[PDB]
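Colleague: I have a structure here, written as structure tokens, and I will follow up with some questions on it.
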Amino acid sequence: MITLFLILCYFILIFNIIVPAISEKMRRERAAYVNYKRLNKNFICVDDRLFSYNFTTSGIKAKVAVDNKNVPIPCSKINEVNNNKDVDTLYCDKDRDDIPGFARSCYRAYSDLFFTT
Amino acid sequence: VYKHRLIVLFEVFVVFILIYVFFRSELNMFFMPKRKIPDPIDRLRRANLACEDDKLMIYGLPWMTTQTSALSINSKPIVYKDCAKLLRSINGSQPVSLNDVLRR
Amino acid sequence: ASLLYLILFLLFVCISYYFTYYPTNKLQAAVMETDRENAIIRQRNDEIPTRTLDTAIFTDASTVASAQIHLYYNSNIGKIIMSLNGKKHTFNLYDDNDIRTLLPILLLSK
Amino acid sequence: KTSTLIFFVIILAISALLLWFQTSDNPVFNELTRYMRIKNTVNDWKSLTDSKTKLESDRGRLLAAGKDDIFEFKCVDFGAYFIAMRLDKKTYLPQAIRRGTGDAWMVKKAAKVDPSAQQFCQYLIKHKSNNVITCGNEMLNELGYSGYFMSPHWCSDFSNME
Amino acid sequence: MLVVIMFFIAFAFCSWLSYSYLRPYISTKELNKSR
Amino acid sequence: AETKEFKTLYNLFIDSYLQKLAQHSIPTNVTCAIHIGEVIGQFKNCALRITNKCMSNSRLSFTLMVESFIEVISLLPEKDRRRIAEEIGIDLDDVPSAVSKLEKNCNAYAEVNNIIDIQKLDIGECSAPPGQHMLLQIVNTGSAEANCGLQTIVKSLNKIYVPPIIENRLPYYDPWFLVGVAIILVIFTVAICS
């Protein structure tokens, strides 16, 4: 009856580890988003790119600022970037390969979000 | 009983769905090692100095395979007849690559 | 099968161990990834010293002089700043002109 | 066979009870999980300090370019107090004049423009400069905090301003 | 068969508890609708 | 439970104003008082802070208040900081050491003394991230007009939207039904096997 043992194992795993893990991850990311939007707003500067963090159904997500021709916006003009709320944003969930080190910048953005919050 | 195996397969499938929906990025970072950013000086390590006639020359350039003359401070061509002796008194007769320079 | 059951149990153990003793959120996993990445970055970057390194320097097209320089390499923009006589000049490792300017000053270090 | 099914049902019921206690707002489970969480967070403090100190070292190396005046003691004004600080020649981290065995010397200001505070900070620069404290790992090993993750603080404010 | 229906009942009840627990987070529309 | 204060824009403004008042503190012969008839708090992590400052020089009080407000909105986006500035009645281009519209509006409290009298006070819901508390302040100052400015700026900063922490934990009631059903179904499977 090893199979019933495995069934019990996976049932306990899911409903006593993964679901509380989902709740804990949502709570931590929501707290980080709250501590981020309580002072900071719109985009912030990380690795010469611009990232913002928004909370959705499946956790927090970082979107990077790009111009019309899918080029990341240089940090120097974040001023006007805060003036224009219709600037193009690309999500970090999709691994888009045209930008060199896009996932690198996304990971550093998440790390900076953790450090600031 | 095949029903028990079906149930445990449903267990592992729903575990995978839960991981993919929520913990996709975390597991992707932890278990899958991402490519490292290329090092331009690692590419430049193969470069070495020699003499193109009476001018300085850089062999072993993957950035530009064509013949290029080394630029001085004011971004102008370098033309010394004695540059070979200077290379011999610093690197040696053999053209020392930038990898050995970094290793120094 | 017995092998399938053993594999399933091992996968159980691995997943439970990860979910208990490892981060389960994007922030902390990204912090660990950034830690490893920055460790590699610095392992490569520390090969460039900031000490006073003697080298032959070409102020013009027919002049040469021996002098001490300082070198600082950064990977955010991938450039080397060379310090001479209290003045710092930045040379990119991706631009052809900057590479042609910087390679002789590095390969001719006495 | 029968015993196996009975124990299967019993273990499923135990797991259901554990899930009920986990999801619900039970004070006992909350106390236990908060105990564990506090212990884990205090454990992770050290790694967080190391990472932040190292990143601040990189940003100090990047910032201290073409500016030899930032390497010497200056009386930085923080709106309410003066601190005589600089950047260390080795770690490239903010290093200020230390007050005994405590933190950096904070010359309290009685007004927006307080000449006496500036005069006393200069006096410390010229006389009592042998005792210094640096943000990062020395700060952690001496006073218990890294200087970062603390607001307001001279390390964080100096990193944000510069 | 009996173990199958036992598993079905347990999984249904535990999934109901998990869904009721996670509704505020898995349904962000619920949280943003009520401010 | 010793929990950290959840920093928030109006809290930062109040604390900066209080620090500026303390660092320019001057003795005065005027009596400044707080009298609250009832204080009711029934929600967890609802910290209450009753700080009783009073500076007789109300002109300097508005100067420091405007300076602290300007330093606070130095981190907001430009459009939001500016619109909140006209909503309050303070202009950034004007020096803080100048009489603004807000001060002119609040001069109507010059005759009344510097006492804060509240008949009854109740603290509402305070949703804070775990490990932190939502702290509410009742700050008195040496003039009722400085108080006027204080509460109007506090309300204006409260008008902003800060995302709330949502509680996903279900209400807990003693679950004897689950164990009862488990026992009944154990008896059921015992009978089935037999």
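Residue numbering restarts at 1 in every chain; chains get A, B, ... in the order shown in the structure tokens, and ligands count up from 1 in that same order.
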Can you list, as number ranges by chain, all residues belonging to stretch 19-162 of chain D that DSSP tags as helix (DSSP H, G or I)?
Modeller: D: 19-23, 27-63, 69-71, 115-126, 137-143, 154-161
Colleague: For chain A, work out the contacting residues on chain D at 8 Å, counting only C-alpha atoms, and write them as a PDB file with C-alpha atoms, in the first residue's frame.
Modeller:
```pdb
ATOM      1  CA  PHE D   8      -5.938   6.452   5.677  1.00  0.00           C
ATOM      2  CA  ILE D  11      -4.671  10.706   8.546  1.00  0.00           C
ATOM      3  CA  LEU D  12      -6.847  12.546   6.021  1.00  0.00           C
ATOM      4  CA  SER D  15      -4.559  16.787   7.659  1.00  0.00           C
ATOM      5  CA  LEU D  18      -4.279  20.933  10.376  1.00  0.00           C
ATOM      6  CA  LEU D  19      -5.468  22.860   7.311  1.00  0.00           C
ATOM      7  CA  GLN D  22      -3.671  26.882   9.443  1.00  0.00           C
ATOM      8  CA  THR D  23      -6.236  28.869   7.450  1.00  0.00           C
ATOM      9  CA  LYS D  52      23.386  45.468   1.405  1.00  0.00           C
ATOM     10  CA  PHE D 149      17.671  49.454   6.522  1.00  0.00           C
TER      11      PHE D 149
END
```
Colleague: Do a neighbour search on residue E:20 at 9 Å with only C-alpha atoms, toss out local chain neighbours closer than 3 positions, and write the hits as a list in words.
Modeller: residues 15, 16, 17, 23 and 24 of chain E; 168, 169 and 170 of chain F
Colleague: Fewer than 2 positions away in the same chain doesn't count, so skip those; otherwise give me all residues within 6 Å of residue C:83, counting only C-alpha atoms, as a compact mmCIF listing (two decimals) with C-alpha atoms, in the first residue's frame.
Modeller:
```txt
# COMPACT_ATOMS: atom_id res chain seq x y z
CA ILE C 69 47.95 55.20 -14.09
CA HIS C 70 44.96 53.87 -12.17
CA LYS C 87 42.32 63.37 -14.64
CA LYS C 88 40.02 60.43 -15.36
```
Colleague: Select residues of chain E: the criterion is any atom within 9 Å of an atom of chain B, counting only C-alpha atoms; output as a list in words.
Modeller: residues 1, 3, 4 and 7 of chain E
Colleague: Using only C-alpha atoms, which chain A residues lie at most 8 Å away from chain B, written as a PDB file with C-alpha atoms, in the first residue's frame?
Modeller:
```pdb
ATOM      1  CA  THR A   3       0.604   4.186  -3.297  1.00  0.00           C
ATOM      2  CA  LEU A   4      -1.814   5.222  -0.542  1.00  0.00           C
ATOM      3  CA  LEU A   6       2.246   8.606  -1.566  1.00  0.00           C
ATOM      4  CA  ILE A   7      -1.328   9.893  -1.914  1.00  0.00           C
ATOM      5  CA  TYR A  10       1.058  14.639  -1.612  1.00  0.00           C
ATOM      6  CA  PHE A  11      -2.262  15.587  -0.002  1.00  0.00           C
ATOM      7  CA  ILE A  14      -0.375  20.519  -0.995  1.00  0.00           C
ATOM      8  CA  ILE A  18       1.823  24.855  -0.633  1.00  0.00           C
ATOM      9  CA  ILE A  22       0.883  30.757  -1.381  1.00  0.00           C
ATOM     10  CA  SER A  58      -0.547  35.761  -9.020  1.00  0.00           C
ATOM     11  CA  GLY A  59       1.684  38.019  -6.914  1.00  0.00           C
ATOM     12  CA  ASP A  93       7.105  37.552 -16.573  1.00  0.00           C
ATOM     13  CA  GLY A 101      20.010  40.948 -19.678  1.00  0.00           C
TER      14      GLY A 101
END
```
Colleague: Suppose you want the space between atom CA of residue D:56 and atom CA of residue D:93; what is it in Å?
Modeller: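 Atom CA of residue D:56 sits 7.1 Å away from atom CA of residue D:93.
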Colleague: Using the chain letters and numbers from this document, which residues of chain D does DSSP assign to strand (DSSP E), as a PyMOL selection string?
Modeller: chain D and resi 74-77+81-87+94-97+107-108+132-134
Colleague: Go ahead and save the residues from that selection, with C-alpha atoms, as a compact mmCIF listing (two decimals), in the first residue's frame.
Modeller:
```
# COMPACT_ATOMS: atom_id res chain seq x y z
CA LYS D 74 33.41 67.25 5.62
CA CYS D 75 30.75 68.70 7.93
CA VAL D 76 27.66 67.32 6.23
CA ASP D 77 24.48 69.02 7.45
CA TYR D 81 22.69 68.04 13.05
CA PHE D 82 26.19 68.06 11.59
CA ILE D 83 28.33 64.97 11.01
CA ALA D 84 32.02 64.95 10.05
CA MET D 85 32.18 62.20 7.43
CA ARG D 86 34.09 60.96 4.39
CA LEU D 87 34.55 57.74 2.40
CA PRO D 94 30.66 56.23 4.57
CA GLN D 95 33.02 56.73 7.51
CA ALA D 96 32.34 59.39 10.12
CA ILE D 97 33.82 60.65 13.37
CA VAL D 107 26.30 67.96 16.57
CA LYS D 108 22.78 69.06 17.51
CA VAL D 132 36.02 56.78 13.41
CA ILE D 133 33.12 54.47 12.58
CA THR D 134 32.26 53.02 9.16
```
Colleague: Compile the residues of chain A that lie within 12 Å of chain F, evaluated using only C-alpha atoms, and express the compilation as a PyMOL selection string.
Modeller: chain A and resi 19-20+22-24+26-44+54-55+78-85+117
Colleague: Contacts from chain C to chain A, 7 Å maximum, only C-alpha atoms: show me the residue list as an MDAnalysis selection string.
Modeller: chainID C and resid 9 16 24:27 30:31 34 76
Colleague: Restrict the distance test to only C-alpha atoms, flag each residue of chain E within 9 Å of chain A, and return the flagged residues as a PyMOL selection string.
Modeller: chain E and resi 3+7+11+14-15+18+21-22+25-29
Colleague: For residue F:138, work out the shell of residues within 9 Å, counting only C-alpha atoms and skipping chain neighbours fewer than 2 positions away, then give it as a PyMOL selection string.
Modeller: chain F and resi 48-52+116+136+140
Colleague: Would you mind exporting N, CA, C and O atoms of the selected residues as a compact mmCIF listing (two decimals), in the first residue's frame?
Modeller:
```
# COMPACT_ATOMS: atom_id res chain seq x y z
N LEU F 48 -1.97 54.88 19.64
CA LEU F 48 -2.42 56.24 19.88
C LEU F 48 -1.28 57.02 20.53
O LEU F 48 -0.67 56.54 21.49
N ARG F 49 -1.00 58.21 20.01
CA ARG F 49 0.12 59.03 20.46
C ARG F 49 -0.39 60.44 20.70
O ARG F 49 -0.76 61.14 19.75
N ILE F 50 -0.40 60.87 21.96
CA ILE F 50 -0.86 62.19 22.34
C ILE F 50 0.36 63.01 22.73
O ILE F 50 0.81 62.97 23.88
N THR F 51 0.91 63.75 21.77
CA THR F 51 2.07 64.60 22.00
C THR F 51 1.61 66.03 22.25
O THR F 51 0.82 66.57 21.47
N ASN F 52 2.10 66.63 23.33
CA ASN F 52 1.70 67.98 23.72
C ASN F 52 2.91 68.89 23.63
O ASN F 52 3.61 69.14 24.61
N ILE F 116 -6.54 71.99 23.42
CA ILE F 116 -7.19 71.02 22.55
C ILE F 116 -8.20 70.26 23.39
O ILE F 116 -7.83 69.43 24.23
N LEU F 136 -1.84 56.81 15.23
CA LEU F 136 -2.63 58.03 15.10
C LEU F 136 -2.16 59.03 16.15
O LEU F 136 -1.92 58.66 17.30
N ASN F 140 -0.90 68.88 19.98
CA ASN F 140 -1.23 70.24 20.35
C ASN F 140 -0.03 71.14 20.07
O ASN F 140 1.11 70.67 19.99
```
